[PDB]
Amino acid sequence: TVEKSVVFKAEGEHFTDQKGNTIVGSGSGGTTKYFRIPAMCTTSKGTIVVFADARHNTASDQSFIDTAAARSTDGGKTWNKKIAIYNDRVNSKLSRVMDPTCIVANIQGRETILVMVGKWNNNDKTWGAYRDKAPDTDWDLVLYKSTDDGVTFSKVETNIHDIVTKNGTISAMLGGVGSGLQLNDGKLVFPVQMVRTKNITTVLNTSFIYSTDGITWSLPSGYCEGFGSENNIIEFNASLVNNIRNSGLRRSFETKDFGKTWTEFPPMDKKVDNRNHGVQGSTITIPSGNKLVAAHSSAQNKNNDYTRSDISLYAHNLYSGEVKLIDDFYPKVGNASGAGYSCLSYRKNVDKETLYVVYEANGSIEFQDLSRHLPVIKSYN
């Protein structure tokens, strides 16, 4: 409802641990230093829930991180904040939970918010460097859920570690970043990225995990090419279509056999250029009559580097393959320490449609209401 607000302020937030003691970060006055990787979900009550890495000491990936959650019930004007998932606190310099992917769904009639993050404790190198073990012993992928509209989160005892181990060719797995989805048949789907074991020629692959109850998960038999691995999936008729990060042009593939084989999807394949290094992007579908339109956000990256400037909203015509820039909502050069990520959230509650975005803005996480752009996006079919 509000047009724009700051969800998490770099060097402006103070969080407390499980015992009620304040977490003294490296920010001014002992605040959390930097926020990254925003994920957002809107509920049937109109509640906006935002998750993000609370990188307490540094913006670097291998650092002390907790998953923060902010909840707004007044259209994004004010935010109630807290830590949703705490890292294990084994290593004060490296313990972390990171890269959230959320899903808002109705599981057997109960509206649930699921959040999945990767967890590490002693690894001091980038996750893609660990390929000797199946899986890496330092790694874990945890899932938390909220059944009270984002107020409290609880760990879900899942079989995810089991399926990865059983596969035997996966060193580590992570969510695609941003948001997953609930299919028409009710199944929950989390797009995933995976680092394969050393013997596999392809270092990274993309796929997804699915579940009916959110407790028992499955992995399909096939694998999609990895590229920059971060990705989102959308349901289009009887297909699952992904949108993957890649240095240069984004890639898009579709499965018509539920994860067994993937072929490039022309309407979205190589349509948006993120330039050097690539960036994570959010891709969701928006209904228009009895048709669908895909809305997407990622950085134009005008400096062709890690600054990832100009985080923009695009509309993808799934039928014709046309693409159009709808709005450059953050037309600024980002902080090379960590920038460019975003997450879109569309929802139609009763007769009210809303389109929101959450994105990285120089260490902080900002929110913008993009609903005014819906008529233009919805006409792209």
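We call the rigid core the largest set of C-alpha positions that still match within 1.5 Å between the two forms. Numbering starts at 1 and follows the sequence shown.
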**Study point:** Higher-deviation segment by CA RMS in 5 other deposited structures of this protein, core fitted, 3-11 or 372-380
**Key:** 3-11
Point to revise | 133-141 versus 74-82 - greater average Cα B-factor per the deposited record | key: 74-82
Practice item. Check the entry's C-alpha temperature factors for 19-27 and 362-370, then say which stretch has the higher mean. Key: 19-27
Study note, to complete from the structure: Highest CA B factor of 253, 227, 153, 210, as deposited, is found at 153
Study note, to complete from the structure: Among 285, 101, 184, 146, highest Cα B-factor in the entry goes to 184
Check your understanding: Which third, lowest, middle or highest, does the CA B-factor of residue 331 fall in along this chain?
Key -> middle
Exercise for review: Can you work out whether the C-alpha temperature factor of residue 67 puts it in the lowest, middle or highest third of the chain?
Suggested key: lowest
Exercise for review: Could you tell me which third, lowest, middle or highest, the C-alpha B-factor of residue 116 occupies within its chain?
Suggested key: lowest
Exercise for review: Ordered by C-alpha B-factor within the chain, which third holds residue 232? Give me lowest, middle or highest, please.
Suggested key: lowest
Review point. Which third, lowest, middle or highest, does the CA B-factor of residue 54 fall in along this chain?
Key: lowest
